[PDB]
Amino acid sequence: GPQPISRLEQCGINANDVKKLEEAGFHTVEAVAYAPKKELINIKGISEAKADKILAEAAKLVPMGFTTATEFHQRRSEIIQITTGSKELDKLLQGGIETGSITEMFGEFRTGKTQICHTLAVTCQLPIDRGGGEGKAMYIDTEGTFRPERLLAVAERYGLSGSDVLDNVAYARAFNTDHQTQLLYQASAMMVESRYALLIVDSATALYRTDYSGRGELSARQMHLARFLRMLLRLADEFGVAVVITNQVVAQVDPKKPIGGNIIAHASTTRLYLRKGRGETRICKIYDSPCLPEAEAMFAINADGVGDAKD
Amino acid sequence: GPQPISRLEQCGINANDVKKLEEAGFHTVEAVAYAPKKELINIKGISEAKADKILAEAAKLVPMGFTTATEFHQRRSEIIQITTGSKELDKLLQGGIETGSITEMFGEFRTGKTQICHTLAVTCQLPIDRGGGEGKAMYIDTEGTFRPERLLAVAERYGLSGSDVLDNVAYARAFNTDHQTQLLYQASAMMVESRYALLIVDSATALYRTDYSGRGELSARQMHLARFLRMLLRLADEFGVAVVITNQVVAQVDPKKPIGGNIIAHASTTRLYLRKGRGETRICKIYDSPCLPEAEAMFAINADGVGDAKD
Amino acid sequence: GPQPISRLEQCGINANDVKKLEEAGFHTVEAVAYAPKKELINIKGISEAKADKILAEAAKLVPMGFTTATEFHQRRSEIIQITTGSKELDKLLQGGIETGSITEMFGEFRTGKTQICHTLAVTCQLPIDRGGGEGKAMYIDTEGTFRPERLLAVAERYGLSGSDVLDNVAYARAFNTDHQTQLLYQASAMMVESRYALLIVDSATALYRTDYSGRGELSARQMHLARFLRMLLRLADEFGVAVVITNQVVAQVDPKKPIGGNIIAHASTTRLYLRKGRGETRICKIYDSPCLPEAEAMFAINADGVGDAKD
Ligand SMILES: Nc1ncnc2c1ncn2[C@@H]1O[C@H](COP(=O)(O)OP(=O)(O)OP(=O)(O)O)[C@@H](O)[C@H]1O
Ligand SMILES: Nc1ncnc2c1ncn2[C@@H]1O[C@H](COP(=O)(O)OP(=O)(O)OP(=O)(O)O)[C@@H](O)[C@H]1O
Ligand SMILES: [Ca+2]
Ligand SMILES: [Ca+2]
Ligand SMILES: [Ca+2]
Ligand SMILES: [Ca+2]
Ligand SMILES: [Ca+2]
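Residues numbered from 1 in each chain as written, not as in the entry; some residues may be left out. Chains lettered and ligands numbered in written order. Part of a larger assembly, values for the part shown. Heavy atoms only, no water.

cryo-EM is the method the PDB entry states for this structure, with the resolution given as 3.4 Å.

Some remarks on the pairing of strand β11 (residues 270-276) of chain B
Strand residues, when the strand is regular, have side chains that alternate between the two faces of the sheet. Residue and element names in this part refer to chain B. The test is simple: Accessible area is worked out with a 1.4 Å probe on protein chains only. A residue is then buried under 20% of its type maximum, exposed over 50%, and partly exposed in between. Secondary structure elements are taken from DSSP: a helix is a run of H or I of four residues or more, a strand is a run of E of two residues or more, and numbering for both begins at the N terminus. Strands pair, by our definition, only if DSSP identifies at least two bridges between them.
The element β11 is largely enclosed, with a buried count of five among its seven residues. Examined bridge by bridge, strand β4 (residues 102-107) and β11 share five bridges and lie parallel to one another. Residue pairing in the sheet places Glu 104 in a bridge with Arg 271 of β11. Here six bridges tie β11 to strand β12 (residues 281-288), and the two strands are oriented antiparallel to one another. Residue pairing across strands places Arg 271 opposite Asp 288, the latter belonging to β12. What sits between the antiparallel neighbours β11 and β12 is a turn of four residues, in which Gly 279 has the positive phi angle 75°.

So, the nonpolar core
The cut-off we apply is this: Residue types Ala, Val, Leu, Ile, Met, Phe, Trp, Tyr and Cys, when buried and joined through side-chain atoms within 4.5 Å, form a set referred to as a nonpolar core. In what follows, residue pairs with any heavy atoms lying within 4.5 Å of each other are defined as contacts.
Ranked by size, the top nonpolar core spans 39 residues in total, and within it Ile97(B), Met105(B), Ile116(B), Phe146(B), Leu198(B), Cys284(B) and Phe299(B) carry the most contacts. In this view, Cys284(B) contacts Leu89(B), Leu92(B), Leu272(B), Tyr273(B), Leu274(B), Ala295(B), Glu296(B), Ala297(B) and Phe299(B); residues no more than four positions away in its chain are not counted. Core analysis: the second largest hydrophobic core is formed by 37 residues, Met105(A), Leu151(A), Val165(A) and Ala297(A) among them.

Comments concerning the packing of aromatic side chains
Rules: Each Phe, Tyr or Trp ring, with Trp reduced to its six-membered ring, pairs with another whose centre is within 6.5 Å; inter-plane angles below 30 degrees give stacked pairs, above 60 give edge-to-face pairs, and intermediate values give tilted ones. In this scheme, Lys NZ or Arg CZ marks a charge over a ring once it lies within 6 Å of the ring centre and within 35 degrees of the ring normal.
According to the stated counting rule, one finds 30 aromatic pairs over all chains in the structure shown. Pairing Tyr208(A) with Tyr212(A) gives two aromatic rings, centres 6.3 Å apart and planes at 20°, and the pair type is stacked. Aromatic rings pair up to connect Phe109(A), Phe106(B), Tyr273(B) and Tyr287(B) into one cluster. Above the ring of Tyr212(A), the side-chain terminus of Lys38(B) is found at 2.9 Å from the ring centroid.

Quick word on the coordination of the calcium ion (ligand 4)
The line we're drawing: Donor criterion used throughout: N, O or S atom within 2.8 Å of the metal, extended to 3.2 Å for Na, K and Ca. Water excluded; incomplete-looking sites may result.
Only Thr114(B) (OG1) and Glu143(B) (OE) from the protein reach the calcium ion (ligand 4) as donors, at distances of 2.5 to 2.9 Å. Remark: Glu143(B) occurs in the loop between β5 (136-141) and α9 (148-157) and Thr114(B) occurs in helix α8 (residues 113-123); sequence separation between them is 29 residues.

Focus: helix α2 (residues 15-22) of chain C
Residue and element names in this part refer to chain C. Short version of the rule: This arc describes the spread of directions from the helix axis toward the C-beta atoms.
The complete set of buried residues in α2 reads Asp 17, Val 18 and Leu 21. For α2, the angular spread of the buried residues around the axis is 100°, confining them to a single face. Residues of α2 that are exposed and angled more than 90 degrees away from the buried face: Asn 16 and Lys 19. The secondary structure elements touched by the buried residues of α2 are α1 (7-10), α3 (29-34), α4 (37-41) and α5 (48-59).

Quick notes on the environment of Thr269(C)
Mapped onto the elements, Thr269(C) comes out in the loop between α14 (261-267) and β11 (270-276). Sequence spacing of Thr269(C) and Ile283(C) is 14 residues, and the spatial spacing of their C-alpha atoms is 20 Å. Each residue touching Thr269(C), except ones within four places of it in the same chain, is listed here: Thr145(B), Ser101(C), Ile102(C), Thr103(C), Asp288(C), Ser289(C) and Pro290(C).

Considerations on the UniProt feature "domain: HhH" in chain A
Put simply, the test is: UniProt positions are given in the numbering used here, feature names are shortened, and annotations may be inferred rather than shown by experiment.
Taken from the UniProt record, the annotation "domain: HhH" applies to residues 28-57 of chain A. Taken end to end, residues 28-57 of chain A has its terminal C-alpha atoms 13 Å apart, with 70% of it in helix and 0% in strand.

A closer look at empty space enclosed by the protein
Convention followed: Of the grid points, spaced at 1 Å and generated over the protein atoms alone, those admitting a 1.4 Å probe that cannot get out make up cavities, while open sets with protein on both sides within 12 Å along at least five of seven lines make up pockets; any residue with an atom within 4 Å of a point is treated as lining. Grid points are joined across faces, edges and corners, and a volume is the space filled by probe spheres set on the points. Any residue outside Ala, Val, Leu, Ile, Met, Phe, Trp, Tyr, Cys, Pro, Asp, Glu, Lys and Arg is labelled polar, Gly included; the first ten of those are nonpolar and the last four are charged.
Quantified by volume, the largest cavity comes out at close to 290 Å³. Contributing to the lining of the largest cavity are 18 residues, with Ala206(B), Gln248(B), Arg230(C), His266(C) and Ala267(C) lying nearest its centre. For the lining of the largest cavity, the secondary-structure elements that each account for two or more residues are α12 (206-211) of chain B together with α13 (214-239) and α14 of chain C. Of the residues contributing to the lining of the largest cavity, the split by class is eight nonpolar, seven polar and three charged.

Next comes the structure, spelled out in C-alpha cells:
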C-alpha cells in the first residue's frame, strides 16, 4: 500500500536528510507529505531551505489536490469493514468496523470493551470474504488487562489455528502517557514493514486521568491527548487501518459521560455507547457517526468472545 | 526479580541524583522507567537536562518495546495464582488469586472480606505446588480489624508452624487517607528488600468516605483514590504481586453498589461480589473480569478460616 | 497511656498554635498525629507551612510505620476485656467486651441494651483480675433512660460501695444530633485528664431518625452519622477504651434489620443481636465479629443487673 520513505532517495533527495527523517518518526513518504513545515523544522539536521524542497518533492508522489466526489466514492466502495463477530453489531455498523477511521468505545466497567478489542484482534485476520480485515493486529494496553486466552477462544471459534493468531498480533504495555506516545512511533515503523489491519489502544485515556491531575494540568492533558489523537489519525490515513480506542466514563453530578472532554469527542469519527444488559448480554448504542443513523444493538459476551445472544 | 535502583550507579549515573530518587519513593529501576517526566521533575535535585538522561538510561535496562502475543502468553503461563483455601473459589478463579493484578472484594458487612484477606495472608506463604504464592505478606488495615488468631488458625490448618507465619507478615494501621498513601512508599521499599507475594488493603475505601465528605470534596476524593490505585498498580507491575483490596457498598435508593464510583471499577482488574448465604456459608460472584466468565461460588467461613461448606 | 498534647511545646512547636489546637478538639499528640492535613487547615490560625511541620513532629513521637504481626499479637495479648456480668455472654465474647473497638448492640425494645450498658458502667471499674476494666465510665444518653438505681443494684452485687461508683461515672444528655457530637470533644478532653475505660452511647441512632427525615435528608444523615462514628473510632484508638453503642431496629417489609444502613454496620467492629427469651431471660447473638464465630447465648435480666438465668 504505502510507499516506503526511501522513494525520496533516487528522485533527488540525498542520504543524510532522509536518514535524519526516520528517527523523528517518519518512515513513509506520505507522513512527510502530510506533515507541515513546523514538524520538519524541529529536528536538527534540516533547514528550511531544503525543507520546502523535501515537501515539494513529496507532493508530486502522493495526490494532495482536489478531487471530485465520484472517485472518492469509488475509493470508499473498496474500504474494508471488519466484522465484530456479532450479527447485530455488524448490521448496526453495516458491515462492521470501518478501517481508516478512529472508532471509540466507551462505557462503565464490564461493558465489554476489552472483549470487543480481543475479538477484533482476531477477526481482523480473517479473509475479506469472511468479513475480516486480512492483516496483522496491534494491541496497546495501558491497564495490563490483555488476556490471550480470549484470543485463543475466538480463534478456535472461526476454526483458525491457535498458534499463528498469537504470533501475528503486536503487543505493548504503556506505563505512562509519554510511553503511551512513543509506542505510536513504533506503530508507524512496524506497519511500514508488515501489513497491519487493526490498531487498538486500551485504554487511550486510562493513564491520562492520573498523570495529569487537577484543574491545573487539565489544559496540558487535553493538549497531550489531542496530539495523541492527531498522531493516530495520521496513522489511520497513512496505512488505511482501523483505529479502535476505548474510553472511560465519569458520572455527571448535578447520567454518565465519557471522559476526555470535547477533544476526544471531535477527534473520534465514530463513538459507541456500551451499557450492560441482562446477564452476559449487553447493549451497544451509536454515540457519534457522520452517516450512520442513531440506533441500538444487542450484543452478548460468551466464553468464545463477543457474539450473538441465545435469544 | 526486580533489579535494584543502584544498578544505575555503575552504568553512568552518579551518586547525588540516585540518592535523591529513593526518598521520592523510587527504590527500583523499573519504577523510574515506568514514571513519566513529570514525576521526575517534581523533586528538587533533578533538572530536565539529566531527567531525560536517567529515563533513557533506565529504558535500556527494562524492555519497554513492542512484543508479540506469544512471549506474553509464555510469560503468563508462569504467573502464580494463589489459592484461597476453598475449592469452589479456586475453580471460580481457575486456580485462585492471580498475582500482578488488582483484585477487589466488595459487599455488605460480614460478607467475609476480612477472613479472605486473613486466609490469603497465610496461603500466600505455601509452596507453589500447594497453590501458595511462596512469599511474604503485607496487610494494611484501615479499620483496626486485624485479628492474628485467624492467621494462627488457618496456619495450623495447613500444618504450618504458628510462629513463622506471624513473623512473616507485614502490618500497618492507616489512620487517614494521607497516611494510607505514605504506607505505599514503604510498600515499595520493603518489597525491594524481601520477596513479597501479597498486598492487602482493608479497606481501600473506608477512610475515604469520611475524610472527603459531601458533593464538594467528591472530586478531590476521586482524584486521591485514583492516585492511590495507580500507585498500587505500579507496585503490582514492579514486583509482580497480588493486590487484594476490600470495598464497601452503598444502598441504591430510587439493590446495592460498591462505593468509589467508576474510578475503582475501572482500576480494579477483577471484582468479586460477596453476599451472605445460610448460616456461616456465603456466596461469591464475579463482578468484573477480563477473561473469566460471570459465574458464582459457594464459600464457607469456619473457625479455621475460609474453606468448604460441609454440604 | 496517651501522651499529652503539651509534649509538642518543648519539642519545637510554639504556644500559640498549640493553644489553638485544643479548642479544635485536639487534646493529645496522637489525635494530631492521626488527623490528616485537612483537619488542621480548617482552623483559622494554622497555615500549611507549619501544618506539615506539626504533623512531621508528631510523627516522630508516635510509631506510625510498618510492624510485624508478632509484636501486634503481643500487644493484643494485653488488651483488656471487660466482663459483662454473665458467664454465658463472657464465654460467647471469650472474656467479655474488648477495649479499643466499637461494639454495637441492636434489637427491638426491652431487649435489655440499656441494662447491659448499666451493668458495663459498673463492671468496667472492677479490678482487672475480676474481669473489670479498672477505669472510669462515661455514659451518653439520648433518651433520658439513664437510671442510677440499676447502677447501685449492680454495685452491691459485686460488693463495691455505691457512693464511689456513682461519683466515678460521667453522664450527659444529648438533645439533638449536633449536641450528640459536641459531647465527643468534651469526651476527648476529659479522658486526657483521667483514666477512663468505657464509652457508652445510648442510643447512637435515636436522635438521627427524627432530626433527619425522609429520602432527602437521608444522605445527610449518613454523612453526619459516618463522621460521628469516626470520632468514636478515633477516641478508641487514642485512648484504647471500649466503645459500646446501642442501635434501634426497623421492621423489614416485603424479619427486622438494625437501622443505620451499611455505614454503621461497616464501622461496627462487633455487632450483637438481642432478642427476648422467656420471661426475664433473653437471647444474644453475634451478628458481626472479625474473629469470633457466630453463636448465641442465654443472658438474663435480674433485679441486680444482667446475670445468668436460674436455669
Ligand atoms: N470467558 C468469558 N466468558 C464470559 N464472560 C466473560 C469472559 N471473560 C470476560 N467476561 C465478561 O466480560 C465482561 C467485561 O469485562 P472487562 O474486563 O472487559 O470490562 P471493561 O469494560 O474492560 O472494564 P474496565 O474499564 O474495568 O477494564 C465482564 O463482566 C466479564 O464477566
Ligand atoms: N473464628 C470464626 N469462626 C467462624 N466465623 C467467624 C470467625 N471469625 C469471624 N467469623 C465470621 O466472619 C464473618 C465476617 O465478619 P467480618 O468482620 O470479616 O466482616 P466484614 O465483611 O469485614 O465487615 P465490615 O465491613 O463490617 O468490616 C462474621 O459473620 C463472623 O461471624
Ligand atoms: Ca478493560
Ligand atoms: Ca472488615
Ligand atoms: Ca475493572
Ligand atoms: Ca433504652
Ligand atoms: Ca462491621
